[PDB]
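Remarks on the structure that follows.
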Amino acid sequence: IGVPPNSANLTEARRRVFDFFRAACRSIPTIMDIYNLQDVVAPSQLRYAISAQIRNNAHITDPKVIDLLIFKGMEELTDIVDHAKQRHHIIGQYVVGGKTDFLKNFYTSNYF
Amino acid sequence: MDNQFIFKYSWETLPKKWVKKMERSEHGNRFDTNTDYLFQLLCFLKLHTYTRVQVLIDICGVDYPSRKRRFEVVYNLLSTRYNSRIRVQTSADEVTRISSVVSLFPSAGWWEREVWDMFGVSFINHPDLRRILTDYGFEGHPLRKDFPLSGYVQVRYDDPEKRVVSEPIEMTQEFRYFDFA
Amino acid sequence: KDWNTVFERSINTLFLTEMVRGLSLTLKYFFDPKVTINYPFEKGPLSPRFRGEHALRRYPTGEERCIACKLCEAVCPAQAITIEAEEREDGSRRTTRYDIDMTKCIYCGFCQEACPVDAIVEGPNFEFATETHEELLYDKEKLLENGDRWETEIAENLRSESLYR
Amino acid sequence: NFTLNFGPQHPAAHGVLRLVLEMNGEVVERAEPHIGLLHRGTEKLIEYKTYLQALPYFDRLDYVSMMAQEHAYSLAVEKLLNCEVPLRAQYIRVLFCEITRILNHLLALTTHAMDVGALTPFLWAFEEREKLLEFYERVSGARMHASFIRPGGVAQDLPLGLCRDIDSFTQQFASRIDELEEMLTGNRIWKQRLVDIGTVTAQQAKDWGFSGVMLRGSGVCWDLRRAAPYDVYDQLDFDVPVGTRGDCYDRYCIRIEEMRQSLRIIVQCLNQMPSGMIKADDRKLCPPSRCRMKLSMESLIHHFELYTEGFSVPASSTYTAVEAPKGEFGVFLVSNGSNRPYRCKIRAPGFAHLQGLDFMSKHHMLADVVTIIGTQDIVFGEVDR
Amino acid sequence: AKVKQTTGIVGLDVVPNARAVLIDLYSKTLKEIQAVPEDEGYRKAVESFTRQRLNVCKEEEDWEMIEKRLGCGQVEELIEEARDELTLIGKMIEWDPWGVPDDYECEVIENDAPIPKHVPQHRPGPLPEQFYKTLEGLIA
Amino acid sequence: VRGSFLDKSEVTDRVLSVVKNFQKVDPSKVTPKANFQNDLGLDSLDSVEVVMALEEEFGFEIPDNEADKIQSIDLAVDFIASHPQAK
Amino acid sequence: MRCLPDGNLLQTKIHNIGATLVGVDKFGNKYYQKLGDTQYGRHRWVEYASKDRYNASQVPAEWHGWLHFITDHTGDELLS
Amino acid sequence: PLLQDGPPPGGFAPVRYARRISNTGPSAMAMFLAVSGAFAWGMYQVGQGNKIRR
Ligand SMILES: CCCCCCCCCCCC(=O)SCCNC(=O)CCNC(=O)[C@H](O)C(C)(C)COP(=O)(O)O
Ligand code: SF4
Ligand code: SF4
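Chains as they are written, first to last, in the authors' numbering: chain W, 10 to 106, 119 to 133; chain C, 1 to 181; chain I, 58 to 222; chain D, 10 to 394; chain V, 12 to 151; chain U, 40 to 126; chain q, 31 to 110; chain Z, 19 to 72.
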């Protein structure tokens, strides 16, 4: 229930990472019915989205940073489930459902 | 029970490792403690016969971006038994969790939720720690000095989606900062 | 305790006696005169200090009082005032733009206090509801129109209030 | 246990009140308030304002007790500046603080009565409120957000004849309270709705940071006007009513008696009102008169500075609290030597009181929840800021 | 000698055997404090005021005089303080916060900036004589 | 007649397809005895993913202490083919 | 005839009985007072020239202060 | 100027703030006797009216 103490070491922190991954990913069928995503995106694509967010932070070595990231992850998850703000092609922070990149930016504006 | 007695009595009776700084002034007696001793010090002040600090008035954060521990958590406390007020402070950074005092003062519950919402300071053993003031799904802690006054997003009704939606801000007239220094 | 005092409360409960006074006092104001104001034929009282619709004033010669000092703009707690200025063709220091967002304004009167020449004032008018948001973005010409319309009342209030500020 | 979601989006109960109740039949097991619906970022906004520009924000925290929060902010600024306030301003500030207390209690008592089905007292009370709002307007030009109490004193002096009009109000107001009491006090329905409802023990009140009527209902003699007096409160006679049961019925009686004692203070303030200046004379934070600004170079320079840059406050920090109508209203002000506050934390009594709804409403009926909210006297402007 | 009908404090029950309870609590406190090191200021302070209150409770057999001489609220309130002090003693044994660390450093600031007379200020008044007796005992 | 378990061969098949479809799993090393970490090149985050992919396909939640004794295809098939909550 | 559908105007006509005409403005609005003490001695009102389509904004500035008890000067005395 | 709003010489007249009592109301026995006598006499009248109706 309560906010746990900071994880002592990386084994403790990574153990907490897997519980968050399990809890966040287990709630995909609830999210699918809440946002009516049956004809929009497959459950696996949102599972791979969560895994990708976790992998993008695999380089963090401070257990206290990991604890804060998990806590913010639980809060992001809770707001998505409990108080849904349904857009069309996003949930929360994540989008759902011959020239280099300089000319495209150049044609758009002067601020890159 | 004036501020002279509390300052002198506390120095004699308190464990020495609990207090790093003690200030006596007409702006309020003030003990600066370390993070790991905050809970025990407040329990001492509440239970001890000669202090009887029974009321937690409020808990507030202050941002000091120039410090390696930017946040200062201020506890304002009152003793109705002796008609005196005391201030206890401690420092924290963006990743250091600190002890919750809900078990000592039930009123701390919402105030600790506000500190987390406004500043991003987390509280060990807090029974229900979530944002309390901001909109659901809010990103950032607005009372931080680096957080912009108008924030990052605004809301409006979008007829094609038939709902209220959030978009990045676009001001007709930007906030004008007047430098009178 | 006592058969009389037991009988006393038993009858008071059964006969709802304390609810009789409640009915009696509810009926006394029934035949009394009412305090309702017959708006808009009758109006509520106001003071010369009342903070209402803004107005820009002129001297009796027709010259604007405002000299673009921008004190009102700096003090305005809501940042509701926007001013642009330059030297006029005759050398005068005058505004070319004076805007008050009546939807940002909090009707505090700080602008009136800050003005050193009594140019901007909050007038006595409070009946200026509009059907569009746009009409509440007052420009300089609108504010000078308000001052022309309300000058005789504003000057009278300023004379009465001069002994206090 | 089913969950009954109750948000009255109308000022039947506060307008933005939102409650998630867990019920066993008609009995409440858990009441969880959801707040922030009026969170406007006041504390963040204040950091971008000069000390003068931040003053109107305090009118809009507890928008039924406007001048009381004006007073607390001015006292905190005066504390940091070590500014002497003249005696006439102190009496005026206390006089309008007590007028504000009556204005607040009149709304709190009759909106609560209206919520439990007594519709007449609200109309009788709001007429008395209109007479008192007229005094607000005559001194400041505004019915509610006066911004009249300022650091160093008050904005302007009383208009001629105001004191006589206030005295006329005091000569009849006791009868108005008597009428309010006769409609409520002895009535068996009113007692049945309030007696033994929302009982708070003294230990519970201290544990949850209760203050004001919420604390004195539980028998605790605590009033900041006597515990930590300010302005001319130590030269005035008034009694402090305390409860013996800690229930909604006690707190109703206390608010009636506090209105009677507020009338007592106003009468004394009217008779003891001395002549003299109503602004502090240190030419650092007090605006000059219109006549001197237009005649003296030094006064014009001071006027230019005060309305553009404002005054600076030497770097320090303190907590200042007053006895607001709803309880202890506190301001934790941090200054860094500049003309803008570095941090302004607002301590709202309703924040603590509404947090106590869960233990206060335990095992009561659904219809008692509104009664307990009414006895707490919540205004969400101060709760949310 | 008359039994107390109410304390006037909501939730504070009347304790009719108050003197007996205080004597038991004070005797228990004076025995559990010995687990604290002798030189510790907390141990001396607790012993100082517990002994005096115990002496007053033993001498006076009437609870009205116990309240009068001690001057610290009602006996029921005195009991709450005695119970809380026993609870605090046990927690300090568990915490073991005693002893000064090696590189101990404490900064004392005495800011003498005055404040105006009219701003809110707590002025409780003089404490009972025993509070000042405990303080000068601690200093010496 | 009513059954209370999924057929073992049918499970072996469902588990074989789930493990193969998971990317980074070439349908060449996926034998009924193949181990996730030692023989498939899947790390801890990829290994927990496979186990909950078995939860989605079979529509039931695996207690964690069982989710850990599923390090290979036998251990997973041994578990799902004997769990009644599997559908 | 306007009294039958417009009860707001009827209240003014009833209360006009026995009142003193104070002045008339440039739009034709008529100003009346009673000199009594019923709502705390406040007995000032205006009978608008247009019996239909009357509006509070039709009161000119010189009579606005008198009508709202801001000043005791009538519109005629302010114009002089 | 030198004239400020304040009390008159001698101050204003004293004002009451305490609640005023009011002794209005009949007595337990008076209203009981009235009801009992009305009941007895009225039921006798009911009997008489029933006899005439018959
Ligand atoms: C529906 C969406 C709601 C939920 C929102 C999701 C929010 C997610 C963002 C917060 C979660 C994090 O990033 S939490 C940060 C996670 N990163 C770490 O744990 C750093 C240490 N790295 C490792 O342990 C390994 O590299 C690792 C590959 C992870 C596994 O170990 P293996 O090498 O032994 O497989
Ligand atoms: S009244 Fe106040 S908010 Fe409005 S323009 Fe003037 S200073 Fe700004
Ligand atoms: S209105 Fe007054 S304060 Fe504002 S710019 Fe003009 S002269 Fe200056």
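Built from N, CA and C at the ideal position, the CB exists for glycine as well.
Of the residues V:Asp24, V:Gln141, V:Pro135 and V:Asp107, which one's Cα is nearest the Cα of residue 7 (chain D)?
Beyond the ends of chain D as shown, which are 10 and 394, falls residue 7 (chain D); an answer cannot be given.
Is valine 26 (chain W) close to chain C, meaning its C-beta is less than 8 Å from at least one C-beta of that chain?
no
Considering only heavy atoms of ligand 3 and the C-beta of each residue, which residues fall inside 6 Å, strictly closer?
I:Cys123, I:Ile124, I:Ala125, I:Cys126, I:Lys127, I:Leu128, I:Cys129, I:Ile140, I:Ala171, I:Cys172, I:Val174, I:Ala176 and I:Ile177
When D:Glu41, D:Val37, D:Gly34 and D:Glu35 are compared against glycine 16 (chain D), the one with the closest alpha-carbon
For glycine 16 (chain D), the closest C-alpha among the options D:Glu41, D:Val37, D:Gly34 and D:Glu35 is that of D:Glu41.
Length of the line joining the Cα atoms of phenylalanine 57 (chain Z) and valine 64 (chain Z):
Cα-Cα distance, rounded: 10 Å.
CB of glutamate 179 (chain I) to nearest heavy atom of ligand 2: below 7 Å?
yes
What is the DSSP secondary structure of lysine 60 (chain q), reduced to helix, strand or coil?
strand
Using a cut-off of 8 Å between C-beta atoms, extract the partners of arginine 176 (chain C) located in chain I.
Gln136
For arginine 156 (chain C), write down the residues that DSSP places opposite it in a beta bridge.
C:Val165
By the 10 Å Cβ neighbour count, where 16 or more other Cβ atoms means buried, how is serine 80 (chain q) classified, buried or exposed?
When all chains shown are included, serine 80 (chain q) counts as exposed.
Determine the closest residue to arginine 49 (chain D) out of C:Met171, C:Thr134, C:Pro168 and C:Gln173, with distance taken between C-alpha atoms.
C:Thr134
Span of the beta strand (DSSP E) around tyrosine 316 (chain D):
Careful: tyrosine 316 (chain D) lies outside any beta strand (DSSP E), inside the alpha helix (DSSP H) at 306-317.
Relative to chain Z, which residues along the segment 71-90 of chain I have a C-beta separation below 8 Å, given in chain order?
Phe72, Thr74, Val77, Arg78 and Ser81
When the cut-off is 8 Å and only beta carbons count, does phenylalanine 7 (chain C) lie next to chain D?
no
Are the CB atoms of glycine 359 (chain D) and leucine 47 (chain D) nearer to each other than 8 Å?
no
Output, in chain order, the set of chain V residues within a Cβ distance shorter than 7 Å of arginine 24 (chain C).
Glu121
So, does the CB of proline 52 (chain W) fall closer than 8 Å to a CB anywhere in chain U?
yes
DSSP-derived helix/strand/coil call for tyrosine 57 (chain W):
helix
For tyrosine 351 (chain D), the nearest candidate out of D:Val86, D:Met75, D:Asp259 and D:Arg173 (CA to CA)
D:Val86
Should the segment 122-136 of chain D be called in touch with the segment 178-187 of chain I, which here means at least 3 C-beta pairs below 8 Å?
no
Test item: CB-CB of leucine 79 (chain U) and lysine 72 (chain U) under 8 Å
no
Distance, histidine 97 (chain W) Cα to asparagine 45 (chain W) Cα:
10 Å
Meets three-Cβ-pair contact criterion under 8 Å: the segment 71-86 of chain I and the segment 179-199 of chain D
yes
Could you give the C-beta distance for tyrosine 35 (chain Z) and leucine 272 (chain D), rounded to a whole number, given that I count them as a contact under 8 Å?
5 Å
Just list the residues that DSSP pairs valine 163 (chain D) with in beta bridges.
D:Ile158
Output the distance between the C-alpha atoms of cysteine 257 (chain D) and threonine 12 (chain D), rounded to the nearest integer angstrom.
25 Å
Under a Cβ-count criterion, where at least 16 other Cβ atoms within 10 Å of its own Cβ denotes burial, should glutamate 100 (chain U) be classed as buried or exposed?
exposed
Exposed or buried, what is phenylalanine 180 (chain C) when buried is set at 16 or more other beta-carbons lying within 10 Å of its beta-carbon?
exposed
What's the gap between the Cα of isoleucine 79 (chain W) and the Cα of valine 26 (chain W)?
7 Å
Look at the alpha carbon of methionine 153 (chain D) and the alpha carbon of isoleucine 169 (chain C), and state the distance between them as a whole number of angstroms.
33 Å
Of the residues D:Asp290, D:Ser298, D:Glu52 and D:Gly150, the one placed nearest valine 94 (chain D), counting alpha carbons only:
D:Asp290
Chain I contact residues for residue 7 (chain Z), given Cβ-Cβ distances below 7 Å:
Since the first and last residues shown for chain Z are 19 and 72, residue 7 (chain Z) lies out of range.
Tell me the DSSP secondary structure of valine 67 (chain V) in three-state form.
Looking at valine 67 (chain V) - three-state DSSP - the assignment turns out to be helix.
What does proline 90 (chain q) pair with, by DSSP beta-bridge criteria?
Note: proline 90 (chain q) sits in no beta bridge, so no partner.
Output yes or no for whether 8 Å exceeds the beta carbon distance between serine 107 (chain C) and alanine 361 (chain D).
yes
Are the C-beta atoms of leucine 84 (chain U) and some chain W residue less than 8 Å apart?
yes
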